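Asks: Just so it is clear, I am handing over run_37.cif, which has mmCIF, C-alpha atoms and all ligand atoms.
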data_upload
loop_
_atom_site.label_atom_id
_atom_site.label_comp_id
_atom_site.auth_asym_id
_atom_site.auth_seq_id
_atom_site.Cartn_x
_atom_site.Cartn_y
_atom_site.Cartn_z
CA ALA K 3 38.39 42.93 -64.41
CA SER K 4 37.12 39.36 -64.08
CA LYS K 5 33.56 38.26 -64.80
CA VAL K 6 30.66 39.51 -62.71
CA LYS K 7 30.04 37.15 -59.79
CA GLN K 8 26.65 37.41 -58.09
CA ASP K 9 24.41 35.16 -56.06
CA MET K 10 22.30 33.50 -58.71
CA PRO K 11 20.27 30.38 -59.40
CA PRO K 12 22.19 27.42 -60.93
CA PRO K 13 22.34 26.58 -64.67
CA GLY K 14 18.99 25.36 -65.90
CA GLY K 15 16.91 25.43 -62.73
CA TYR K 16 16.44 24.50 -59.07
CA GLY K 17 14.55 21.29 -58.32
CA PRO K 18 10.75 21.44 -57.96
CA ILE K 19 9.48 22.19 -54.46
CA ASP K 20 6.45 20.43 -53.02
CA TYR K 21 3.67 22.48 -51.47
CA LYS K 22 0.40 20.51 -51.64
CA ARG K 23 -1.26 18.85 -48.67
CA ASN K 24 -0.14 15.24 -48.10
CA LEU K 25 -2.29 13.23 -45.66
CA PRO K 26 -2.34 9.52 -46.60
CA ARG K 27 -5.35 7.33 -45.86
CA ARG K 28 -3.49 4.78 -43.71
CA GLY K 29 -6.20 2.74 -42.04
CA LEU K 30 -8.33 -0.37 -42.04
CA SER K 31 -12.03 -0.37 -42.84
CA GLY K 32 -14.65 0.00 -40.12
CA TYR K 33 -15.95 -3.53 -40.68
CA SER K 34 -12.58 -5.08 -39.85
CA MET K 35 -12.17 -3.10 -36.62
CA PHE K 36 -15.72 -3.87 -35.48
CA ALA K 37 -15.18 -7.57 -36.26
CA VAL K 38 -11.91 -7.69 -34.31
CA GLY K 39 -13.53 -5.99 -31.32
CA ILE K 40 -16.52 -8.33 -31.29
CA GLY K 41 -14.26 -11.37 -31.61
CA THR K 42 -12.14 -10.21 -28.68
CA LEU K 43 -15.30 -9.69 -26.63
CA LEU K 44 -16.62 -13.17 -27.41
CA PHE K 45 -13.29 -14.84 -26.60
CA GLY K 46 -13.15 -12.99 -23.28
CA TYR K 47 -16.74 -13.94 -22.48
CA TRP K 48 -16.08 -17.64 -23.04
CA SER K 49 -12.85 -17.64 -21.02
CA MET K 50 -14.61 -15.82 -18.17
CA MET K 51 -17.45 -18.35 -18.30
CA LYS K 52 -15.05 -21.25 -17.78
CA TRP K 53 -13.13 -19.51 -15.00
CA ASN K 54 -16.26 -18.41 -13.12
CA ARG K 55 -17.75 -21.92 -13.19
CA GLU K 56 -14.49 -23.32 -11.81
CA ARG K 57 -14.53 -20.67 -9.07
CA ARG K 58 -18.12 -21.58 -8.16
CA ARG K 59 -17.09 -25.22 -7.75
CA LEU K 60 -14.15 -24.18 -5.56
CA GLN K 61 -16.43 -22.07 -3.36
CA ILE K 62 -18.80 -25.02 -2.96
CA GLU K 63 -15.86 -27.18 -1.85
CA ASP K 64 -14.73 -24.65 0.77
CA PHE K 65 -18.30 -24.24 2.05
CA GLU K 66 -18.54 -28.02 2.43
CA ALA K 67 -15.33 -28.03 4.46
CA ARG K 68 -16.86 -25.40 6.75
CA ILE K 69 -20.04 -27.49 7.06
CA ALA K 70 -17.98 -30.53 8.03
CA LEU K 71 -16.12 -28.53 10.69
CA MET K 72 -19.15 -26.73 12.17
CA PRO K 73 -20.46 -29.21 14.82
CA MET B 1 5.56 -2.32 12.93
CA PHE B 2 2.43 -0.93 11.31
CA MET B 3 3.81 2.62 11.45
CA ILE B 4 6.88 1.37 9.58
CA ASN B 5 4.50 0.09 6.89
CA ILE B 6 2.70 3.45 6.71
CA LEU B 7 6.02 5.26 6.29
CA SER B 8 7.29 2.73 3.72
CA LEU B 9 4.13 3.47 1.76
CA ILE B 10 3.95 7.26 2.01
CA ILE B 11 7.61 8.29 1.56
CA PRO B 12 8.28 6.35 -1.68
CA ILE B 13 5.03 7.72 -3.14
CA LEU B 14 6.24 11.28 -2.54
CA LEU B 15 9.60 10.44 -4.12
CA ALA B 16 7.81 8.93 -7.12
CA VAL B 17 5.73 12.11 -7.47
CA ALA B 18 8.86 14.27 -7.30
CA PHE B 19 10.53 12.27 -10.06
CA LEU B 20 7.32 12.08 -12.10
CA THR B 21 7.56 15.85 -12.42
CA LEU B 22 10.96 15.42 -14.10
CA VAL B 23 9.77 12.50 -16.24
CA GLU B 24 6.82 14.54 -17.51
CA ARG B 25 9.07 17.49 -18.33
CA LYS B 26 11.49 15.27 -20.27
CA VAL B 27 8.75 13.39 -22.16
CA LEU B 28 7.09 16.65 -23.18
CA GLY B 29 10.46 18.09 -24.19
CA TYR B 30 11.42 15.14 -26.37
CA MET B 31 8.00 15.07 -28.00
CA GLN B 32 8.59 18.78 -28.77
CA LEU B 33 12.04 18.34 -30.40
CA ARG B 34 13.87 19.56 -27.28
CA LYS B 35 15.51 17.90 -24.27
CA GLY B 36 14.08 19.17 -20.99
CA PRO B 37 15.99 19.21 -17.68
CA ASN B 38 19.55 17.97 -18.19
CA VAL B 39 21.76 20.48 -16.38
CA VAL B 40 21.04 20.42 -12.64
CA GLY B 41 22.26 16.89 -11.96
CA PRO B 42 23.13 14.16 -14.46
CA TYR B 43 20.11 13.99 -16.84
CA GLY B 44 18.17 16.42 -14.62
CA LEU B 45 18.16 13.93 -11.74
CA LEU B 46 18.47 16.69 -9.16
CA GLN B 47 15.84 19.01 -10.67
CA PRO B 48 12.96 17.83 -8.41
CA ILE B 49 15.08 18.36 -5.29
CA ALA B 50 15.95 21.88 -6.42
CA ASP B 51 12.29 22.63 -7.15
CA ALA B 52 11.16 21.43 -3.72
CA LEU B 53 13.94 23.26 -1.87
CA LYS B 54 13.21 26.47 -3.78
CA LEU B 55 9.50 26.22 -3.02
CA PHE B 56 9.86 25.49 0.69
CA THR B 57 12.35 28.34 1.22
CA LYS B 58 10.07 30.83 -0.56
CA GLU B 59 7.68 33.21 1.19
CA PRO B 60 4.04 32.06 1.56
CA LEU B 61 1.38 34.72 1.06
CA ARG B 62 -1.93 35.09 2.84
CA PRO B 63 -4.26 37.25 0.74
CA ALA B 64 -5.77 40.28 2.45
CA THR B 65 -9.31 39.48 1.29
CA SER B 66 -9.09 35.69 1.82
CA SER B 67 -10.61 33.47 4.50
CA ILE B 68 -7.49 32.21 6.23
CA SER B 69 -8.82 29.04 7.89
CA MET B 70 -10.21 27.48 4.71
CA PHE B 71 -7.25 28.88 2.75
CA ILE B 72 -4.92 26.81 4.94
CA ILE B 73 -7.22 23.78 5.33
CA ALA B 74 -7.64 23.10 1.61
CA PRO B 75 -4.06 22.00 0.71
CA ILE B 76 -3.82 19.89 3.89
CA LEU B 77 -6.99 18.07 2.86
CA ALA B 78 -5.66 17.63 -0.67
CA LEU B 79 -2.35 16.08 0.35
CA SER B 80 -3.73 13.92 3.16
CA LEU B 81 -6.50 12.56 0.92
CA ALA B 82 -4.04 11.81 -1.88
CA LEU B 83 -1.89 9.89 0.60
CA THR B 84 -4.88 8.03 2.07
CA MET B 85 -6.24 6.83 -1.29
CA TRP B 86 -3.25 4.45 -1.56
CA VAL B 87 -3.83 2.22 1.50
CA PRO B 88 -6.33 -0.32 0.05
CA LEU B 89 -4.43 -0.99 -3.20
CA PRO B 90 -3.24 -4.64 -3.30
CA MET B 91 0.39 -4.78 -4.48
CA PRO B 92 -0.35 -7.81 -4.19
CA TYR B 93 -1.20 -7.31 -0.52
CA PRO B 94 -2.91 -4.12 0.67
CA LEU B 95 -1.89 -2.05 3.66
CA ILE B 96 -5.54 -1.91 4.78
CA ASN B 97 -7.71 -4.84 3.69
CA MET B 98 -11.32 -3.74 3.20
CA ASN B 99 -14.44 -5.64 2.22
CA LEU B 100 -15.45 -2.65 0.07
CA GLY B 101 -12.29 -1.03 -1.23
CA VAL B 102 -13.80 0.33 -4.43
CA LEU B 103 -16.51 2.24 -2.57
CA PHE B 104 -13.81 3.64 -0.28
CA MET B 105 -11.89 4.99 -3.28
CA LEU B 106 -15.13 6.40 -4.70
CA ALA B 107 -16.01 8.23 -1.47
CA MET B 108 -12.50 9.57 -0.86
CA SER B 109 -12.14 10.80 -4.45
CA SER B 110 -15.51 12.55 -4.26
CA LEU B 111 -14.33 14.16 -1.02
CA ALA B 112 -11.12 15.35 -2.72
CA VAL B 113 -13.02 17.89 -4.89
CA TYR B 114 -13.65 20.07 -1.83
CA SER B 115 -9.95 20.92 -1.75
CA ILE B 116 -10.30 22.80 -5.04
CA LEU B 117 -13.75 24.11 -4.12
CA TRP B 118 -12.63 25.57 -0.79
CA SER B 119 -9.27 26.89 -1.98
CA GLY B 120 -10.97 28.71 -4.85
CA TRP B 121 -13.69 30.16 -2.64
CA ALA B 122 -11.34 31.07 0.24
CA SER B 123 -8.93 32.87 -2.10
CA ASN B 124 -11.64 35.54 -2.62
CA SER B 125 -10.52 36.38 -6.16
CA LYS B 126 -12.36 36.07 -9.44
CA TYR B 127 -10.13 33.61 -11.33
CA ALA B 128 -10.06 31.29 -8.31
CA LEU B 129 -13.85 31.42 -8.14
CA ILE B 130 -14.17 30.59 -11.84
CA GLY B 131 -11.84 27.64 -11.32
CA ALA B 132 -13.96 26.43 -8.41
CA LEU B 133 -17.22 26.51 -10.37
CA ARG B 134 -15.46 24.70 -13.20
CA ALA B 135 -14.56 22.03 -10.64
CA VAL B 136 -18.23 21.78 -9.63
CA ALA B 137 -19.25 21.33 -13.26
CA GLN B 138 -16.53 18.74 -13.92
CA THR B 139 -17.59 16.58 -10.98
CA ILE B 140 -21.23 16.80 -12.08
CA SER B 141 -20.06 15.69 -15.53
CA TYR B 142 -18.06 12.59 -14.61
CA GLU B 143 -19.36 11.19 -11.30
CA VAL B 144 -22.49 9.22 -12.27
CA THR B 145 -21.00 7.55 -15.33
CA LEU B 146 -17.79 6.74 -13.43
CA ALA B 147 -19.79 4.95 -10.74
CA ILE B 148 -21.89 3.00 -13.25
CA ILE B 149 -18.77 1.94 -15.17
CA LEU B 150 -17.21 0.69 -11.94
CA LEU B 151 -20.35 -1.31 -11.12
CA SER B 152 -20.49 -2.82 -14.62
CA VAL B 153 -16.85 -3.89 -14.49
CA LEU B 154 -17.12 -5.30 -10.96
CA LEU B 155 -20.18 -7.39 -11.85
CA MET B 156 -17.67 -10.04 -12.97
CA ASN B 157 -15.51 -9.72 -9.84
CA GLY B 158 -18.30 -10.86 -7.52
CA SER B 159 -17.61 -8.35 -4.75
CA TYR B 160 -16.11 -4.93 -4.04
CA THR B 161 -12.86 -6.33 -2.61
CA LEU B 162 -9.80 -5.18 -4.53
CA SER B 163 -7.81 -8.38 -3.91
CA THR B 164 -10.47 -10.50 -5.64
CA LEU B 165 -9.55 -8.68 -8.86
CA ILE B 166 -6.25 -10.58 -8.89
CA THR B 167 -7.92 -14.01 -8.86
CA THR B 168 -10.66 -12.89 -11.27
CA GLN B 169 -8.06 -12.08 -13.95
CA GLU B 170 -5.91 -15.13 -13.21
CA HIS B 171 -6.14 -16.31 -16.83
CA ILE B 172 -7.13 -13.28 -18.93
CA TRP B 173 -7.01 -9.50 -18.59
CA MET B 174 -10.37 -7.90 -17.87
CA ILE B 175 -9.71 -5.54 -20.80
CA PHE B 176 -10.51 -8.37 -23.23
CA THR B 177 -14.01 -8.61 -21.75
CA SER B 178 -14.94 -4.93 -21.22
CA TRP B 179 -12.79 -2.83 -23.54
CA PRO B 180 -15.55 -0.24 -24.28
CA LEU B 181 -15.94 0.19 -20.53
CA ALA B 182 -12.14 0.41 -20.32
CA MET B 183 -12.11 3.26 -22.85
CA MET B 184 -14.87 5.17 -21.07
CA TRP B 185 -13.15 4.56 -17.72
CA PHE B 186 -9.84 5.87 -19.07
CA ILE B 187 -11.46 9.08 -20.30
CA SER B 188 -13.31 9.36 -16.98
CA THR B 189 -10.05 9.08 -15.02
CA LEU B 190 -8.53 11.76 -17.24
CA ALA B 191 -11.48 14.01 -16.39
CA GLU B 192 -11.41 13.08 -12.69
CA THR B 193 -7.76 14.09 -12.25
CA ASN B 194 -8.15 17.46 -14.04
CA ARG B 195 -5.71 16.34 -16.74
CA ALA B 196 -5.49 17.53 -20.32
CA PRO B 197 -7.65 17.70 -22.36
CA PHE B 198 -9.84 18.19 -19.26
CA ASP B 199 -7.56 20.43 -17.20
CA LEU B 200 -10.32 23.01 -16.86
CA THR B 201 -9.84 24.06 -13.23
CA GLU B 202 -6.30 25.37 -13.68
CA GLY B 203 -7.20 26.74 -17.12
CA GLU B 204 -3.75 28.17 -17.76
CA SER B 205 -4.36 30.01 -21.03
CA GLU B 206 -7.90 31.05 -20.02
CA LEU B 207 -7.64 31.67 -16.26
CA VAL B 208 -3.97 32.38 -15.41
CA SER B 209 -3.50 29.93 -12.53
CA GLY B 210 -7.23 29.34 -11.90
CA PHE B 211 -8.21 27.86 -8.53
CA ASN B 212 -4.66 28.03 -7.10
CA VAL B 213 -3.73 31.42 -8.58
CA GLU B 214 -3.48 33.10 -5.15
CA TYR B 215 -1.32 30.27 -3.74
CA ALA B 216 2.47 30.51 -3.52
CA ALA B 217 5.47 28.57 -2.13
CA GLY B 218 4.97 25.57 0.16
CA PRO B 219 1.16 25.67 0.14
CA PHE B 220 1.27 25.76 -3.67
CA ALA B 221 3.66 22.79 -3.66
CA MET B 222 1.23 20.68 -1.65
CA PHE B 223 -1.44 21.07 -4.33
CA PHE B 224 1.01 19.96 -7.04
CA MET B 225 2.09 16.88 -5.05
CA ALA B 226 -1.52 15.92 -4.40
CA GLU B 227 -2.40 16.17 -8.09
CA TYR B 228 0.53 14.04 -9.25
CA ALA B 229 -0.02 11.45 -6.52
CA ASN B 230 -3.61 11.26 -7.76
CA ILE B 231 -2.31 10.69 -11.30
CA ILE B 232 -0.19 7.74 -10.20
CA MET B 233 -2.89 6.32 -7.92
CA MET B 234 -5.62 6.43 -10.58
CA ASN B 235 -3.37 4.74 -13.12
CA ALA B 236 -2.47 2.04 -10.57
CA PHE B 237 -6.19 1.51 -9.94
CA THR B 238 -6.76 1.19 -13.69
CA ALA B 239 -3.92 -1.34 -14.01
CA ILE B 240 -5.32 -3.45 -11.16
CA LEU B 241 -8.87 -3.22 -12.52
CA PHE B 242 -8.23 -4.00 -16.20
CA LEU B 243 -4.73 -5.47 -16.69
CA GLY B 244 -4.53 -8.08 -13.96
CA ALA B 245 -1.08 -9.31 -13.01
CA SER B 246 -0.60 -12.95 -12.06
CA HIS B 247 0.31 -13.48 -8.40
CA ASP B 248 2.48 -16.30 -7.07
CA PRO B 249 1.92 -16.53 -3.28
CA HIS B 250 5.56 -17.55 -2.76
CA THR B 251 6.95 -14.72 -4.94
CA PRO B 252 5.03 -11.44 -4.61
CA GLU B 253 7.97 -9.47 -6.04
CA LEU B 254 7.11 -10.62 -9.57
CA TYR B 255 3.56 -9.30 -9.18
CA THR B 256 4.86 -6.02 -7.76
CA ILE B 257 7.29 -5.55 -10.66
CA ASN B 258 4.66 -6.31 -13.30
CA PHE B 259 2.04 -4.06 -11.69
CA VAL B 260 4.50 -1.17 -11.32
CA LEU B 261 5.50 -1.51 -14.98
CA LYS B 262 1.85 -1.41 -16.06
CA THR B 263 1.01 1.67 -13.98
CA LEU B 264 4.13 3.45 -15.25
CA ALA B 265 3.01 2.72 -18.82
CA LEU B 266 -0.42 4.19 -18.08
CA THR B 267 1.12 7.31 -16.51
CA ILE B 268 3.36 7.79 -19.55
CA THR B 269 0.21 7.48 -21.67
CA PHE B 270 -1.31 10.30 -19.61
CA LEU B 271 1.73 12.48 -20.37
CA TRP B 272 1.54 11.52 -24.07
CA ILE B 273 -2.14 12.50 -24.22
CA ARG B 274 -1.34 15.84 -22.59
CA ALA B 275 1.39 16.46 -25.16
CA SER B 276 -0.89 15.57 -28.08
CA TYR B 277 -4.27 17.32 -27.76
CA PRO B 278 -5.99 20.69 -27.25
CA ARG B 279 -8.28 21.51 -24.36
CA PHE B 280 -12.04 20.98 -24.18
CA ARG B 281 -14.55 23.67 -23.43
CA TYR B 282 -16.08 22.80 -20.08
CA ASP B 283 -19.65 22.70 -21.37
CA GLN B 284 -18.43 20.34 -24.09
CA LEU B 285 -17.03 17.99 -21.45
CA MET B 286 -20.43 17.84 -19.76
CA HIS B 287 -22.18 17.24 -23.09
CA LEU B 288 -19.72 14.46 -23.95
CA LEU B 289 -20.16 12.78 -20.57
CA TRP B 290 -23.96 13.12 -20.50
CA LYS B 291 -24.98 12.57 -24.14
CA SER B 292 -22.45 9.99 -25.38
CA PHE B 293 -20.96 8.22 -22.35
CA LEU B 294 -24.09 7.94 -20.18
CA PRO B 295 -26.43 6.14 -22.65
CA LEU B 296 -23.71 3.70 -23.68
CA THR B 297 -22.82 3.12 -20.03
CA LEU B 298 -26.46 2.37 -19.16
CA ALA B 299 -26.76 -0.05 -22.09
CA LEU B 300 -23.50 -1.79 -21.15
CA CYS B 301 -24.63 -1.99 -17.52
CA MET B 302 -27.77 -3.78 -18.68
CA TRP B 303 -25.62 -6.07 -20.84
CA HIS B 304 -23.20 -6.88 -18.01
CA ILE B 305 -26.05 -7.63 -15.62
CA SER B 306 -27.67 -9.96 -18.16
CA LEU B 307 -24.57 -11.73 -19.49
CA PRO B 308 -23.47 -13.75 -16.40
CA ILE B 309 -27.05 -14.96 -15.89
CA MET B 310 -27.52 -15.99 -19.53
CA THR B 311 -24.18 -17.82 -19.66
CA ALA B 312 -24.27 -19.23 -16.10
CA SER B 313 -21.05 -17.34 -15.37
CA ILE B 314 -21.93 -15.70 -12.04
CA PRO B 315 -18.91 -15.06 -9.77
CA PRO B 316 -18.71 -16.45 -6.22
CA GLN B 317 -18.70 -14.77 -2.78
CA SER B 318 -22.24 -13.53 -2.28
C1 LIG M 1 -21.72 -9.27 -28.78
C2 LIG M 1 -22.21 -8.35 -27.66
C3 LIG M 1 -21.31 -7.14 -27.48
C4 LIG M 1 -22.10 -5.87 -27.14
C5 LIG M 1 -21.59 -4.66 -27.93
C6 LIG M 1 -20.12 -4.38 -27.64
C7 LIG M 1 -19.43 -3.60 -28.76
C8 LIG M 1 -19.74 -2.10 -28.70
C9 LIG M 1 -18.90 -1.30 -29.69
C10 LIG M 1 -18.94 0.20 -29.41
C11 LIG M 1 -18.07 0.61 -28.22
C12 LIG M 1 -17.53 2.02 -28.39
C13 LIG M 1 -17.09 2.65 -27.07
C14 LIG M 1 -16.60 4.09 -27.26
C15 LIG M 1 -17.18 5.05 -26.22
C16 LIG M 1 -17.16 6.50 -26.69
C17 LIG M 1 -17.48 6.65 -28.17
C18 LIG M 1 -17.82 8.10 -28.54
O1 LIG M 1 -18.56 8.33 -29.44
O2 LIG M 1 -17.26 9.15 -27.83
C19 LIG M 1 -16.88 10.23 -28.62
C20 LIG M 1 -15.97 11.13 -27.79
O3 LIG M 1 -14.88 10.39 -27.33
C21 LIG M 1 -13.68 11.09 -27.39
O4 LIG M 1 -13.44 11.74 -28.35
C22 LIG M 1 -12.67 11.08 -26.24
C23 LIG M 1 -12.30 12.50 -25.82
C24 LIG M 1 -11.02 12.57 -24.98
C25 LIG M 1 -9.79 12.14 -25.76
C26 LIG M 1 -8.53 12.06 -24.89
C27 LIG M 1 -7.41 11.29 -25.58
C28 LIG M 1 -7.92 10.07 -26.33
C29 LIG M 1 -7.61 8.76 -25.61
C30 LIG M 1 -6.36 8.08 -26.14
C31 LIG M 1 -6.49 6.56 -26.13
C32 LIG M 1 -7.34 6.08 -24.96
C33 LIG M 1 -7.33 4.57 -24.77
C34 LIG M 1 -8.48 4.11 -23.88
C35 LIG M 1 -8.22 2.78 -23.19
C36 LIG M 1 -6.99 2.80 -22.29
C37 LIG M 1 -6.82 1.49 -21.51
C38 LIG M 1 -7.75 1.41 -20.30
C39 LIG M 1 -18.13 10.97 -29.07
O5 LIG M 1 -17.79 12.32 -29.29
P1 LIG M 1 -18.17 13.02 -30.73
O6 LIG M 1 -17.32 12.44 -31.82
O7 LIG M 1 -17.90 14.50 -30.64
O8 LIG M 1 -19.76 12.76 -31.07
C40 LIG M 1 -20.71 12.81 -30.04
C41 LIG M 1 -21.94 13.53 -30.57
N1 LIG M 1 -22.28 13.04 -31.89
#
Kindly present the structure from the file in C-alpha cells form.
Ligand SMILES: CCCCCCCC/C=C\CCCCCCCC(=O)O[C@H](COC(=O)CCCCCCC/C=C/CCCCCCCC)COP(=O)(O)OCCN

Replies:
Amino acid sequence: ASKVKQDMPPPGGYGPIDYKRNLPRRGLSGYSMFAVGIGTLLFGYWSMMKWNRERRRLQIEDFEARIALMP
Amino acid sequence: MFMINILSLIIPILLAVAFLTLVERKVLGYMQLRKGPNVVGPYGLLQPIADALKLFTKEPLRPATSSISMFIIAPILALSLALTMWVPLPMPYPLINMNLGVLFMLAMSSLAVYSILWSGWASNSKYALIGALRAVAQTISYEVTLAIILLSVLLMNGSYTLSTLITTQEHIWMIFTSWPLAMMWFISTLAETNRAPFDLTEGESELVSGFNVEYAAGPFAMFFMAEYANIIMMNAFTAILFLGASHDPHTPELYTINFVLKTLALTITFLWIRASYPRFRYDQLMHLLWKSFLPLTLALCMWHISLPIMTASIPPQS
C-alpha cells in the first residue's frame, strides 16, 4: 500500500538539450594565407637561384677537367 | 647478381602491397570508430596471407561470352607493368639507370590503362564496358595536364634523370618552390590511380564491380595487387619529386629510411582522403581537369620557363 512508483522526470526539470547547428568559423583570412604562400615561393626561388648558380660553376669546373684530359 | 637484385626488388614490393591492404583496412576502421582486422593473427598480421591463400585456392571463371585471350592477357599486363614501373626509382640508387626516367614512367603508366580497357571489353558484359569507357574518359581528363606539370617541375632539375632530383633538392624541398604544381600533381596522381574520390572505373555503388566484375579468384587478385603497387609507386615518385631526401654517399641507408618514411606518409594520406570524401561524377572530373587545372598549368608552365632565365638560375647538364 506504499506510494505509487512510476518512471517519471526528476523534481523541477531535466537539463536543457542542445539542438541547433554548431559550426565554428575556425580559420585565418584569405590575405594571410596568400601572403604566406607567396613568401614561401619567393624564399624557395632565391634558394634555388643560389644553388643553381653554384651547380653551374661546378659543371664548368668538371668540363675544364675534361678539356685538360682530352689531348 | 643482377637477377638477385630484381628479386630483392619485386618480392618486398609484393609483401608491402599485401600488408598495405591490412593497413588500409585498419586506418579506415579506426577513422570509422571501429577496429578492423584483429583476429586472424596478432593485430590482423596474418589477414593478408589468409586473403591471398583463399583467393588462389578459389575457382577461376571464364565467362561464356568473353574473349578468352584478352581476358587472360589483361591482368598479366597489369601486374607486370606495375612491377616494371619500379626499376628506375633511385633509392638512392636505381636498379636501372636511365637518361630519361620520367618519360619512361609516363609511357609505362599510359600503357597501363589498356589493362582496364581490355579486361572490360573482353569480359563482354555491360558493367565491365561502362567501366572501360570511364577509364577512357579518365585518361583523357588527366594525361595532358599531368605531362605539363611534370615538365614545369623538371624545368628546375635540368634533365629527365631521376637521380638528379636528389642533388637538385640538396638544400630545400622542391615543394617550397612549386607548391601549386605539387597540389595539382597530387590530385592528378589520385585520378591516375583510380583512387577515391576518382575511383570511377570500379564504381562500386554505381556499377557493382565495374571493369573487373566478371573476374574472380587468382586473376582478380592480380588486378588488386597491381592497383596497390601503383599506389605505392606513385607516392614514392611524388616523394622523390617534391620532398627530396639528403643523400650521404657513404651512408645510403639514411636516405632509404627517410624516403620510405615519406612515401608511407603519402600513402596514408591517400587512405585518409579515401576515408574522408564522396565520389566525383566522371564528367565533373573532366571539367575540373580541363577548366581549372589546365589553364593554371599552362600559366605556371610559362612562369617556370621564364623564371630561371630572368633570375639567371638555369640548371646544368644540357
Ligand atoms: C610571385 C610569383 C608567383 C606566381 C603565382 C603563384 C601563386 C598562385 C596561387 C594560386 C595557386 C592555387 C593552386 C590550386 C589549384 C586548384 C585550385 C582550384 O580551383 O581547383 C578547385 C578544385 O580542386 C579540388 O577541389 C580538388 C578535388 C579533389 C580533392 C581530393 C582531396 C583533397 C586533397 C587533400 C590535400 C591535398 C594536398 C595536396 C599537396 C600534397 C603534397 C604533394 C576548383 O574546383 P571548384 O571549386 O569546383 O571551381 C571550379 C569552377 N569554378

Asks: Distance limit 7 Å, reference ligand LIG 1 (chain M), atoms considered: only C-alpha atoms and all ligand atoms. Which residues make the cut? Give them as a ChimeraX atom specification.

Replies: /K:39-40,43-44 /B:180,182-187,197,238,242,273,288,292-293

Asks: Pull out every residue of chain K sitting within 7 Å of chain B, counting all atoms listed in the file, and send them as an MDAnalysis selection string.

Replies: chainID K and resid 42:43 46:47 51 54:55 57:58 61

Asks: Using CA of residue 20 in chain B and CA of residue 191 in chain B as the two end points, give the distance in Å to one decimal.

Replies: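 Here the two named atoms are 19.4 Å from each other.
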
Asks: Work out how far apart CA of residue 251 in chain B and CA of residue 164 in chain B are and give it in Å to one decimal.

Replies: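 Those two atoms sit 17.9 Å apart.
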
Asks: With only C-alpha atoms as the atoms that count, which of B:26, B:94, B:296, B:230 lies nearest to residue 6 in chain B?

Replies: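 So, comparing all the options, the nearest one is B:94.
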
Asks: Near residue 69 in chain B, counting only C-alpha atoms, which residues have an atom at most 12 Å away, once you skip same-chain residues fewer than 2 positions from it, shown as a VMD selection string?

Replies: chain B and resid 62 to 63 66 to 67 71 to 76 118 to 119 121 to 123
